[PDB]
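Q: Before anything else, here's the structure in question.
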Amino acid sequence: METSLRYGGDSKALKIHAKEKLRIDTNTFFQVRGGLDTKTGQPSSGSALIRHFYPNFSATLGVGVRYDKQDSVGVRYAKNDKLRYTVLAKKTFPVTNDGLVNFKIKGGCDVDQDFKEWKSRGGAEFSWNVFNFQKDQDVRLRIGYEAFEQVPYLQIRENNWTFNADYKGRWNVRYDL
């Protein structure tokens with residue numbers, strides 16, 4: 001049971017996201033997140049994951065979905081009122097020191113139940129080293145993205161905060177409570 005604050009600009013001011021885990025079977029984990037609205041004091045959205053792990057092939061396979069609440073659909077459409085589901089492998093590779101990178105990725109496909117839309121994603125954070133500035137302030141870059149043909153937004157770590165930019169002119173912070 002952990003809680004994280006998500007700040008937003010050019011979209012939403014503040015929102016809370018909290019994470020919980022449940023044991024269903026010997027080799028099956030429940031992992032889900034609850035988003036409480038910007039208004040503060042009500043639901044907003046829900047997401048969940050069902051996963052299994054392999055030992056020698058250190059990785060997990062599972063599916064992820066999200067539910068957005070229904071309101072009205074017809075001539076016009078809205079961001080809400082939509083269900084999506086995806087299945088992917090999760091893998092982590094530390095290639096720093098010997099190399100220079102480190103990533104945690106989600107490799108798979110998602111469909112939007114609303115319009116037959118299907119995409120594959122580098123649903124990942126890939127650690128790469130770029131700066132080239134006189135200042136000695138080290139920064140780490142990872143694309144909080146689904147790479148294939150959809151949308152990348154960047155995530156960087158500085159001091160002890162995580163902040164991002166999306167091509168839609170959207171930005172955010174994530175900080176643990």
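Note on naming: chains are A, B, ... as they come in the structure tokens, residues start from 1 per chain, ligands start from 1 in the order shown.
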Quick one: everything within 10 Å of region 15-20 of chain A, counting only C-alpha atoms, minus sequence neighbours fewer than 2 positions away in the same chain. Send it as an MDAnalysis selection string.
A: chainID A and resid 1:8 12:13 22 30:41 43:48 174 176:177
Q: Which residues come within 12 Å of region 71-77 of chain A, counting only C-alpha atoms, excluding same-chain residues fewer than 5 positions away, as an NGL selection string?
A: :A and (82 or 114-115)
Q: Can you work out the spacing between CA of residue 106 (chain A) and CA of residue 59 (chain A) in Å, to one decimal?
A: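 Atom-to-atom, CA of residue 106 (chain A) to CA of residue 59 (chain A), that is 10.5 Å.
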Q: Excluding residue 108 (chain A) and residues on its chain fewer than 5 positions from it, collect all residues at most 8 Å away from it, counting only C-alpha atoms, and give them as an MDAnalysis selection string.
A: chainID A and resid 86:89 120:122
Q: Skip residue 50 (chain A) itself and residues of its chain fewer than 3 positions away, then list as a VMD selection string all residues within 8 Å of it, counting only C-alpha atoms.
A: chain A and resid 28 to 31 62 to 64
Q: Of the candidates A:78, A:93, A:148, A:99, which shows the shortest atom-to-atom distance to residue 58 (chain A), using only C-alpha atoms?
A: A:93
Q: Considering only C-alpha atoms, state which residue in the set A:57, A:126, A:161, A:133 is at the smallest distance from residue 146 (chain A).
A: A:126
Q: Pick out the residues sitting within 8 Å of residue 171 (chain A), and hand them over as a compact mmCIF listing (two decimals) with N, CA and C atoms, in the first residue's frame; count only C-alpha atoms, and ignore anything fewer than 5 positions along from it in its own chain.
A:
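That gives us out.txt:
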# COMPACT_ATOMS: atom_id res chain seq x y z
N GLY A 8 0.34 17.75 -12.77
CA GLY A 8 0.16 17.91 -14.21
C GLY A 8 0.07 19.38 -14.60
N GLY A 9 0.55 19.69 -15.80
CA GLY A 9 0.43 21.03 -16.35
C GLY A 9 -0.09 20.95 -17.78
N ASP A 10 -0.93 21.90 -18.15
CA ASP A 10 -1.63 21.86 -19.43
C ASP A 10 -2.49 20.60 -19.52
N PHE A 163 10.08 13.79 -13.50
CA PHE A 163 9.27 14.76 -14.23
C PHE A 163 9.27 14.40 -15.71
N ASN A 164 8.23 14.81 -16.44
CA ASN A 164 8.06 14.33 -17.82
C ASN A 164 7.51 15.37 -18.79
N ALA A 165 7.70 15.09 -20.08
CA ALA A 165 7.14 15.92 -21.15
C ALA A 165 6.51 15.03 -22.21
N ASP A 166 5.32 15.40 -22.68
CA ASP A 166 4.66 14.66 -23.75
C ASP A 166 4.48 15.58 -24.94
Q: So that I can check the surroundings of region 151-160 of chain A, please list as number ranges by chain every protein, DNA and RNA residue that reaches within 8 Å of it, counting only C-alpha atoms and ignoring chain neighbours fewer than 5 positions away.
A: A: 125, 138-146, 165-167
